[PDB]
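Peer 1: Protein chains in written order, with the deposited numbering: chain Y, 12 to 216; chain N, 1 to 347, 365 to 523; chain T, 44 to 138; chain l, 25 to 52; chain 1, 21 to 189; chain M, 1 to 491. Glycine included, C-beta positions come from ideal geometry on N, C-alpha and C. Got a structure for you, questions after.
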Amino acid sequence: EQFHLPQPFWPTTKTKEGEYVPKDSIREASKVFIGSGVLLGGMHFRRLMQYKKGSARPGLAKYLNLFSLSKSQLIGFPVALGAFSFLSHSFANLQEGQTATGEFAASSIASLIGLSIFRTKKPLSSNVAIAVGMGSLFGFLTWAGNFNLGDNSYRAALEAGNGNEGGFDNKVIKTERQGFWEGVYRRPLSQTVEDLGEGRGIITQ
Amino acid sequence: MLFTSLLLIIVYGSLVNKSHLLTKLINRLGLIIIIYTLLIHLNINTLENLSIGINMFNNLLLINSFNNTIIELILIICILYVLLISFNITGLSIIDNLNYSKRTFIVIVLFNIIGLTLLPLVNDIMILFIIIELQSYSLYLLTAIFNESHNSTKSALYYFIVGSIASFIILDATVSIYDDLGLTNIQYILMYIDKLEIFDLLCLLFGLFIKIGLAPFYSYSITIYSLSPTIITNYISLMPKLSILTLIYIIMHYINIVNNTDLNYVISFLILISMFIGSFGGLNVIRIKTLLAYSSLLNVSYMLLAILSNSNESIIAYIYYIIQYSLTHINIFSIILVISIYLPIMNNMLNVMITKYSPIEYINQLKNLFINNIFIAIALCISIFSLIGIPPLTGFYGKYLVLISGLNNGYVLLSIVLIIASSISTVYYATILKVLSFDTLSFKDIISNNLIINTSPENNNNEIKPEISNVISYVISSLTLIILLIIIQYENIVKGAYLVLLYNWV
Amino acid sequence: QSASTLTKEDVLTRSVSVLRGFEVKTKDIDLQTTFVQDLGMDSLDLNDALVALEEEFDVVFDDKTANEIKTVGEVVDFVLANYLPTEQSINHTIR
Amino acid sequence: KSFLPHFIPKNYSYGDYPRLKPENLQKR
Amino acid sequence: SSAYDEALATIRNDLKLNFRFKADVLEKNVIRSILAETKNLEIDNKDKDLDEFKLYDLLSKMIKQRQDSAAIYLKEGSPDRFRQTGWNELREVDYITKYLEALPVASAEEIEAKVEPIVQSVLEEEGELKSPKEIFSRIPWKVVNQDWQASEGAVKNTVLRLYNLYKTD
Amino acid sequence: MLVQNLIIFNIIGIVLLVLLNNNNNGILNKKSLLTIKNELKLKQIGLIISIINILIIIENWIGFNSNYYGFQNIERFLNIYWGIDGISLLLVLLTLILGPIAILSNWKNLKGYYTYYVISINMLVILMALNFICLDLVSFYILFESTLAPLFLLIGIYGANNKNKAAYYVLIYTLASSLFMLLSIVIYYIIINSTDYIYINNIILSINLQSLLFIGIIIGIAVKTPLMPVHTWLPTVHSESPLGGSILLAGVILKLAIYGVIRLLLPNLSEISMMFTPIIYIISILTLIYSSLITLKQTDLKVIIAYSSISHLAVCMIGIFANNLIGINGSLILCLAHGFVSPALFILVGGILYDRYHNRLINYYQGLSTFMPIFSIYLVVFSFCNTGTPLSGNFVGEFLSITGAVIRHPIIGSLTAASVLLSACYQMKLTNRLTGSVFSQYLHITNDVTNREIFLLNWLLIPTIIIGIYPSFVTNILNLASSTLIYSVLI
Ligand SMILES: CCCCCCCCCCCCCCCCCC(=O)OC[C@H](COP(=O)(O)OCCN)OC(=O)CCCCCCCCCCCCCCCCC
Ligand SMILES: CCCCCCCCCCCCCCCCCC(=O)OC[C@H](COP(=O)(O)OCCN)OC(=O)CCCCCCCCCCCCCCCCC
Ligand SMILES: CCCCCCCCCCCCCCCCCC(=O)OC[C@H](COP(=O)(O)OCCN)OC(=O)CCCCCCCCCCCCCCCCC
Ligand SMILES: CCCCCCCCCCCC(=O)OC[C@H](COP(=O)(O)OCC[N+](C)(C)C)OC(=O)CCCCCCCCCCC
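If you want it as structure tokens, here you go:
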């Protein structure tokens, strides 16, 4: 029998089997890669014009140096963003949806690919340390439900009757599991055995 | 009352001769004007009558119980600020004469108060543009009131340029909406809320975000608040936020009708970045006003989460938070102005230069405050602990009420990030307290006759001479005890915030 | 911006090169190197060097110091203590 | 003849802390 | 002299970039100062070829000179009004160290990884350590350019640093 | 009556000390009369206030019914409901008894500012004591975090050389972790509209939501016990904080985490607590084993005792997460027994040796029994109490906690018995060295234990042995309160 571990995951809408038309990973990555390279390269040559227009003004030169990108960053940034978009969509197609593990893998690999290009003069272990840190941040971003839970929020649940507006009643027992945001007075004992299993005080000793 | 009394003060100030006493007495007349303005406004505007929302002046303005509360808060905080220029902050002429040397100081404040109070009431795009200019222009004139100061003028130049770019963005957003619909009144535009481009209103919010110093536009406000005189920085860092944030809440109330989640994501991106910059930005700084500038950026991010969620729990969160944060802001700047009297005097490395506009400029000028004035040092500790969010101070309930509204709307990420942001910013909040007190025992038995306060004379050597003036001491005592003992009346105060409605009704 | 970026090694290095272009007895110049003895400058040669060292560092020796200067190190000390960048227009800094 | 106990590093690097050959004082 | 000529090309290139993009003024002073000492270096070592190790000792002297100047100023104060002379010395040390660490020579850890077995083996065969002069003897100061890839002076610093750690008196 | 009197009386005490000691600040430059003998009168008033606080809880103890199920003395004050049960009553009395001890331990070893220290001690004691009598989650959090403000300033003003490091550690480790516990409290108030203990105890939440709420709360609890790997703040804070700060930190502050499990986890998140127990046991067992082996290599006297506290509080965590009465009672008795022995060991190590020699390095001390025989008796006696030698309350707490773990999980709960061996390894390695060999060459002969330090040691030893021999004084009070925490459906 499987281990009964806690599952601390925020509610998400689950697509029915047969749903989830996949997204073209190469096509979507192409738009991010090309659009980023055009902007970053275009903004690079726009700033060179600002350099030529003025180089004896320290105020302009200081601000231009902050926004200046090295040659390896002008290539590495579009590649890292393109690989991110490709791998994020490729893993999402694999898993019939987007998961925090998929985003952690996509972000760390995309970071490591970019870091190995525009951070060549640093130890390899240093680039991996940043890539693990970068990948964890985006995995945490997906785990928290991106920028908002949306239809899975409690306010949304409360508007759909899936909250606790009506209160509780012990006489009512439901075979189906309660909603994520719903609380009940009494539960079927079969649900407890499904969650915890038998053993240390459930049913048997 | 404001408009009528401003005209008399404008003319009267130009008639009488120029002296420091006359300017100080004219400032006290400004204090009476705001008090009468508050009494008249309270006598006619009541929360129960304004719940529906009442149109005025051919529907150009719309006042409701949510707008009315902010107007009274603006008047009350403006009363506390005028006490700074209407009474002695330190009692020493070398420091206090600055507040009495500009006769147009009180006139500009009355000009700006009119703009501050009318801005949340705007009900038309034409009057929205006019009022946001009226508020902005007065802020520029106040930032440049000390025109013989190089830093004060440089700040006003930066303020004018950035605030004009934001105003053009605001104007460009309203012109786009008028082009789409051919309508100017907000309530008329609400009839077409489902057909106009909603991101035309995000452009309107973007111009408002610049004027409150939100990231990524935070750079200019951090620069301006640090370069301006402490008396100027006290006003300009707080007053624009009271009105603009209230207006942002009303605009976001209309935006939520169509429920555009793409717009919610862009704003969440700006809040997320501002939490990161507000917390990590203040870790390596040596100026107190630069530190407080990042504190302001951080607390605005907290309020914008309540504004973004925009629900019944958000009205209570925003209303309570804005009131308690204004009092904490007023209390901290009052203490910083006072404690310049404990500054040592030379009789040198790093060639540190301190000016008359900002005698307290570095965090380590707060050293040994626990020894010089224990009651004031504790008052500053209570305020800083409130910014940290230590219960049961007012700052704790502010973060608690913000989290409730944010988590109720599914903003899991922003609720976690702000709590991490609170922990990170605690590092530089604690550094203030470390400077105030941590060297008390290793310095208790030292001879410090080189302070600024020691330059003052003594009357008779048989009288008791208070070291701090009466009015400024009572204000610090009152605000500190309100921050400390809010637990006594928290239940009654939050029940009042339940009644403040923004078209809830039923 | 309006602060010096001078080091003692750069000022000495620039001083030596400017002094090398003159007709001096020795090209081996250090801080202790005197003008009259080691380099061999009369009244007029010394003041030609001082003005030449003025133009290089954009500094102006005061009359009291210039008349009483003996060594190369004294010049390096003077430049480090008195050098200020020239004020720029109202647009160079803020823009 | 006499040998050091186990788990005694042959080198270490702790900044400016003096570096010395490990001497088991029990054998003095 | 292939590495020396390649190294001096990057220093010249950074000078061209600095004038082009108006980079930090102090960096312009550093590169200009390096080139002048290189100009002196070429005169006194003609026909002898210029390995990067002889360039390494040139930048080492510049780094050590400014650190000594920085130490005095950061203790008794900088002479300029803005008190930036002491920090300017250390800022230049960073610029010089950037080029020093780009030369194809051994790092501090590689040189210490070869002298530390020698310092320890001296002390165990003799008991007490008094002067570094007993450690210079067991150093092959003839072939430390391709087996160790270090200059004559960088080994001297490594021994002196290690000696002060291991000295018993 | 209890909460209202305990707050009103102490505010009057706080205001009284401020009025007397601050009436002469105004360039009087006088010599006063209360400043004599290191502010003796102001110290004595604060000492009296601490004892009176113990009298207040007694008046409510006389009317306590050990055969009543539910909270008693239910009161409303400041719009908050306050109540007491068997578990809360004992923790309140433990908290208040340590109040006079904290003041008396620092009776004459402060460089100055005695009025500030006494107020902060009495302020810390009341806030911690009030944390056991609140009846909602928000009131629990308010009192949980309110202690950070005085504790942060207490360390930074009266602390040792590295006080700045220790003040930041306690403020940031505890505040950041508790904010995660605040997130769970906010969720409760959102979906249930109340944080009342009784109201939330009856609601069953979805098994996924119970997991998220458990993790939020356990983060705040795990840092404050502390457990591995978030324990690194405690050894730094204990070695630099003043003696009274170490006593309150080692006697009360750590026990709030166990009470957090009793209130915030067991009765409301009952289903998910059973799921998390193996994870809790693994973390706690490794906390016990790792802290014991790490304690061997320590060289600071006050840090050795700090790591000893972590090992025993891992055993308290193991017992409280046993789903039986034996483990729960054993964990509670071990909390009280630790609440006396651990402060005593800090007095011996950081209050007697440090006040004479001002050095906490282990290498300076040996053979102390030659010229400090009275110190050696108390050091040896408390060392055996600290290792759970029978006749001590520590053993009764440890044996029942280990037994409760074995009953809960026979396989992995048996590893808890390593507390018997490992605790004696590091504690008797330190004691065997302080009392062994010739009197140290680095020390000069000085006075032995004084009357004040004898008094402190005796009145921390006496409760430990009374509980050790007749724990039914405590188990009778806890019996009906502890039985409500058990979750099981036997068919
Ligand atoms: C004749 C040619 C005319 C060319 C006109 C454009 C001028 C050159 C500019 C380069 C192109 C970038 C802008 C493209 C339009 C703006 C983005 C957009 O609207 O999406 C278009 C493109 C395709 O997406 P699509 O699905 O077809 O559009 C929706 C259809 N229902 O979506 C994309 O994938 C565009 C690529 C965007 C991703 C790269 C940008 C992110 C990385 C760079 C960030 C730039 C700096 C950050 C700015 C924010 C700072 C706070
Ligand atoms: C196309 C032009 C480039 C795009 C610029 C975008 C500007 C707006 C974006 C918002 C950031 C506003 C901050 C101020 C803008 C920074 C201006 C800038 O680009 O300068 C680059 C700056 C200098 O870095 P430096 O490498 O020393 O200079 C280059 C030397 N050649 O390097 C920096 O320090 C920039 C980083 C500033 C800090 C921003 C951090 C925001 C938070 C990001 C993490 C969010 C945290 C949550 C993560 C969890 C979710 C995954
Ligand atoms: C270094 C610190 C200094 C302190 C060191 C010494 C500490 C004091 C030692 C005693 C510890 C206190 C525990 C005794 C307190 C009295 C407990 C008690 O209440 O006993 C009640 C007992 C049964 O109760 P009941 O039948 O209900 O009748 C009484 C109704 N009220 O009724 C009875 O029959 C009373 C019987 C009491 C017997 C005397 C107890 C004294 C201890 C001797 C026995 C200890 C156990 C033996 C251990 C020997 C070694 C293995
Ligand atoms: C139960 C709720 C109580 C709330 C009230 C708190 C006390 C108010 C003290 C004000 C008077 C004062 O600053 O007085 C100062 C007094 C006594 O200092 P002293 O040694 O005489 O000063 C020296 C004078 N000499 C030189 C003449 C001897 O310091 C105290 O009292 C300190 C108590 C507060 C410390 C913790 C601050 C935490 C802030 C956030 C709390 C959540």
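Is the distance from the Cβ of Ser375 (chain N) to the Cβ of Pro229 (chain N) below 9 Å?
Peer 2: It is a contact, given that the beta carbons lie within the stated cut-off.
Peer 1: What residues in its chain sit with their C-beta under 8 Å from that of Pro471 (chain M), if we drop five residues either side in the sequence?
Peer 2: Closer than 8 Å at Cβ, skipping near neighbours: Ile333, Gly393, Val396.
Peer 1: Does ligand 4 have even one heavy atom less than 8 Å from the beta-carbon of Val92 (chain M)?
Peer 2: Not so, every heavy atom of ligand 4 lies at least 8 Å from the Cβ.
Peer 1: Chain N partners of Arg101 (chain 1), CB-CB under 8 Å?
Peer 2: The contacting residues are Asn368.
Peer 1: Cβ of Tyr196 (chain Y) within 9 Å of Cβ of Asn202 (chain M)?
Peer 2: Result yes, Cβ atoms of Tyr196 (chain Y) and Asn202 (chain M) sit closer than 9 Å.
Peer 1: For the beta strand (DSSP E) containing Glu121 (chain 1), name the first residue and the last one.
Peer 2: First-last for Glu121 (chain 1): undefined, no H or E at that position.
Peer 1: Between the Cα of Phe149 (chain Y) and those of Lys132 (chain Y), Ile120 (chain Y), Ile128 (chain Y), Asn175 (chain Y), spot the shortest distance and give me the residue it belongs to.
Peer 2: Nearest C-alpha to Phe149 (chain Y): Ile120 (chain Y).
Peer 1: Using DSSP bridges, identify the partner residues of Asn55 (chain N).
Peer 2: Paired residue(s): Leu62 (chain N).
Peer 1: Which residues bound the beta strand (DSSP E) around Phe77 (chain M)?
Peer 2: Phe77 (chain M) -> beta strand (DSSP E) spans 72 to 77.
Peer 1: Near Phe3 (chain N), which residues of its chain fall below 7 Å by C-beta distance, leaving aside the five closest residues on each side in sequence?
Peer 2: Only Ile114 meet the Cβ criterion.
Peer 1: Can you determine whether any heavy atom of ligand 4 sits closer than 8 Å to the C-beta of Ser146 (chain M), and answer yes or no?
Peer 2: Yes; taking the cut-off as 8 Å, the Cβ of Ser146 (chain M) has a heavy atom of ligand 4 nearer than that.
Peer 1: Quick one: which chain N residues come within Cβ less than 9 Å of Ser122 (chain Y)?
Peer 2: Result: empty, since nearest Cβ-Cβ is about 18 Å, beyond 9 Å.
Peer 1: Keeping to the same chain, check which residues put their C-beta closer than 6 Å to that of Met82 (chain 1); ignore five residues upstream and five downstream.
Peer 2: Excluding sequence neighbours, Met82 (chain 1) sits near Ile116.
Peer 1: In chain order, what residues of the same chain have a beta carbon less than 6 Å from the beta carbon of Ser118 (chain Y), not counting five sequence neighbours either side?
Peer 2: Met145, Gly146, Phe149.
Peer 1: Between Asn476 (chain M) and ligand 3, is there a pair consisting of the residue's CB and a ligand heavy atom that are separated by less than 8 Å?
Peer 2: Flag unset: Cβ of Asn476 (chain M) not near ligand 3.
Peer 1: Mind checking which residues open and close the beta strand (DSSP E) that includes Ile84 (chain M)?
Peer 2: Counting along the chain, the beta strand (DSSP E) containing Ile84 (chain M) begins and ends at 80 to 84.
Peer 1: Are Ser292 (chain M) and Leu422 (chain M) close, meaning C-beta to C-beta below 9 Å?
Peer 2: A contact, by the Cβ cut-off of 9 Å.
Peer 1: For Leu182 (chain M) versus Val170 (chain M), is the C-beta distance shorter than 9 Å?
Peer 2: Taking 9 Å as the Cβ cut-off, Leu182 (chain M) and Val170 (chain M) do not qualify as a contacting pair.
Peer 1: Where do the N-terminal and C-terminal ends of the alpha helix (DSSP H) with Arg52 (chain 1) fall, by residue?
Peer 2: Where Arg52 (chain 1) is concerned, the enclosing alpha helix (DSSP H) stretches over 45 to 64.
Peer 1: Just the C-alpha distance for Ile137 (chain T) and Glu176 (chain Y), rounded to the nearest angstrom, thanks.
Peer 2: One C-alpha to the other measures close to 59 Å.
Peer 1: Residues in the same chain with beta-carbon distance under 8 Å from residue 32 (chain T), minus the five sequence neighbours each way, listed in chain order, please.
Peer 2: It is not possible to answer for residue 32 (chain T), since the shown part of chain T is limited to 44 through 138.
Peer 1: Measuring alpha carbon to alpha carbon, tell me which residue in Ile189 (chain N), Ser442 (chain N), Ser459 (chain N), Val488 (chain N) is nearest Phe280 (chain N).
Peer 2: Checking every option, the nearest Cα to that of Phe280 (chain N) belongs to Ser442 (chain N).
Peer 1: Have a look at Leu50 (chain N) and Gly182 (chain N) and give me their C-alpha separation to the nearest angstrom.
Peer 2: So the two alpha carbons sit approximately 29 Å from each other.
Peer 1: Just to check my reading of the structure: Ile232 (chain N) and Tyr159 (chain N) have Cβ atoms closer than 8 Å, yes? What is that Cβ distance to the nearest angstrom?
Peer 2: With 8 Å as the limit, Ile232 (chain N) and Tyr159 (chain N) do not qualify as a contact, their Cβ atoms being about 11 Å apart.
Peer 1: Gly173 (chain 1) CB to nearest chain N CB: under 9 Å?
Peer 2: For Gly173 (chain 1), the answer is no, since every Cβ of chain N falls outside 9 Å of its Cβ.
Peer 1: Return the chain-ordered list of same chain residues with a C-beta closer than 8 Å to the C-beta of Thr475 (chain M), the five sequence neighbours on each side being excluded.
Peer 2: Excluding positions up to five away in sequence, the list reads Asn329, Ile333.
Peer 1: Please determine whether the Cβ atom of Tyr173 (chain M) lies at a distance below 8 Å from any heavy atom of ligand 4.
Peer 2: No, ligand 4 has no heavy atom inside 8 Å of this Cβ.
Peer 1: Taking the runs of the alpha helix (DSSP H) that are 4 residues or longer, which of them lie wholly in the stretch 98 to 178 of chain 1?
Peer 2: Counting only runs of 4 or more, we get 105 to 120, 128 to 146, 153 to 157.
Peer 1: For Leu94 (chain M), which option in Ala337 (chain M), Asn363 (chain M), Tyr68 (chain M) has the closest C-alpha, if you only look at C-alpha atoms?
Peer 2: Nearest option by C-alpha distance: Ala337 (chain M).
Peer 1: Anything in the stretch 49 to 70 of chain T with a Cβ closer than 8 Å to a Cβ of chain 1? List those residues in chain order, please.
Peer 2: Flagged, chain order: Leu49, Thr50, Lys51, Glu52, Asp53, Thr56, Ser60.
Peer 1: Going by DSSP, name the residue or residues bridged to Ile213 (chain Y).
Peer 2: Beta-bridge pairing links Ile213 (chain Y) to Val489 (chain M).
Peer 1: How would you call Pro99 (chain 1), buried or exposed, if buried means at least 16 neighbouring beta carbons within 10 angstroms?
Peer 2: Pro99 (chain 1) should be labelled buried.
Peer 1: Using DSSP with H/G/I as helix, E/B as strand and the rest coil, what is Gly93 (chain Y)?
Peer 2: Three-state DSSP puts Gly93 (chain Y) in a helix.
Peer 1: Name, going along the chain, the residues of the stretch 79 to 106 of chain 1 whose beta-carbon falls closer than 8 Å to a beta-carbon of chain N.
Peer 2: So the close ones are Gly97, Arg101, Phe102, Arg103.
Peer 1: In chain order, what residues of the stretch 429 to 440 of chain N put their CB closer than 7 Å to some CB of chain Y?
Peer 2: Correct list: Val429, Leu430, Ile433.
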